[PDB]
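Enquirer: whatever this is, show me its structure:
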Amino acid sequence: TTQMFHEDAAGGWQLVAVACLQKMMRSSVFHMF
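Expert: Residues are numbered from 1 along each chain as shown. See the structure here:
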């Protein structure tokens, strides 16, 4: 479900797709800790 068709403001059929701590919490060293 990467992209879905949806009418935009004008026209339509655009097919669009679909901070520090949130990045760090993926870091390997955090998991090792």
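
Enquirer: can you pull the contacts of residue 18?
Expert: Residue 18 sits next to 1-3 when contact means C-beta atoms under 8 Å, 6 or more residues apart in numbering. C-beta here means a position set from N, CA and C on the backbone, and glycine is covered the same way.

Enquirer: try residue 13
Expert: 5, 7.

Enquirer: swap in residue 8?
Expert: Residue 8 makes contact with residue 14, according to C-beta under 8 Å, 6+ apart.

Enquirer: helix, strand or coil for it?
Expert: coil (DSSP: H, G, I helix; E, B strand; the rest coil).

Enquirer: could you measure from it over to residue 17?
Expert: Distance, residue 8 to residue 17, by C-beta to C-beta, to the nearest Å: 14 Å.

Enquirer: tell me which stretches of this protein form helices.
Expert: Assigned by DSSP state H, the chain shows helices spanning 20-24, 28-32.

Enquirer: with mean neighbour count and distance to residue 13 added, can I get those helices in JSON lines?
Expert: Shown next, in JSON lines, are those (neighbours: other C-beta atoms under 10 Å; distance: least, C-beta to C-beta, whole Å):
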{"stretch": "helix 20-24", "mean neighbour count": "7", "distance to residue 13": "33"}
{"stretch": "helix 28-32", "mean neighbour count": "7", "distance to residue 13": "42"}
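
Enquirer: fine by me, thanks again.
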